[PDB]
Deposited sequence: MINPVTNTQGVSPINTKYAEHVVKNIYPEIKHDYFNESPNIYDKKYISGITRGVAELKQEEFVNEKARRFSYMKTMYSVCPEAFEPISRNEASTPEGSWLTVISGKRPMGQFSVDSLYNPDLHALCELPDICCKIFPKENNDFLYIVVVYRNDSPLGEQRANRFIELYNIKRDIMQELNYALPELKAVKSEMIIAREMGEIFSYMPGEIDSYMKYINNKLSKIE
């Protein structure tokens, strides 16, 4: 149904478990044979979808850097992509029944790579990209590589050497992330200086 539709490769057991507290904002069932709420899911999704269709645009002949500020919320994270300002963004959802996530997946040439958040039981990462630009998938893939490097590093440090593991792992991949997220070169420098200070 609505979940396998946007997240084909999802674990089978997911639907055996019962709705967590976040799911319940949008559904009501014993398991994950639950009803979609008419107002909170169906009607919210349709409203958000209209909003997205209005803002939808095609990609420029070429992208310009956005400010990090335009993509610091989940909503701006995908808005900058659907309006064609940049080829990819990444955000999180506390429920695979998030109405925005479902609306996002119904836009032309808009793809979402979805997977469970590392070290979290309910959170999923969403990587949203322009399929109508060759940079879309490339950047989405490149993010997953950088993301895997970060989490591999942090897991290892967590295991054997935990001090400042998060900030250390940022020093390793943060500039590369900034670039693929299209942040302005100045904002990326400023972030590396913030990480450096954390030393």
| property | result |
| --- | --- |
| Missing stretches, numbered from 1 on the deposited chain sequence and kept in order | 1-20, 53, 221-224 |
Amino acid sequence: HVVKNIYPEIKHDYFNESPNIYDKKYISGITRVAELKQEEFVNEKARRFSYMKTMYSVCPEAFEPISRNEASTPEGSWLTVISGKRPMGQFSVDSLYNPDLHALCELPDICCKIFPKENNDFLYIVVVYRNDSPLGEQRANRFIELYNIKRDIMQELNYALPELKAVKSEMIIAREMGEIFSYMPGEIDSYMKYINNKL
From here on, numbers count along this sequence of modelled residues.
| item | value |
| --- | --- |
| Stretch with the higher entry mean CA B-factor, where the candidates are 49-57 and 22-30 | 22-30 |
| 37-45 versus 156-164 - greater average Cα B-factor per the deposited record | 37-45 |
| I149, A174, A62, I66, ranked by C-alpha B-factor: the highest one | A62 |
| Which of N119, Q90, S95, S72 ranks first by CA B-factor in the deposited coordinates | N119 |
| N16 CA temperature factor, ranked by third within the chain | highest |
| Chain-wide C-alpha B factor ranking for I180, given as lowest, middle or highest third | lowest |
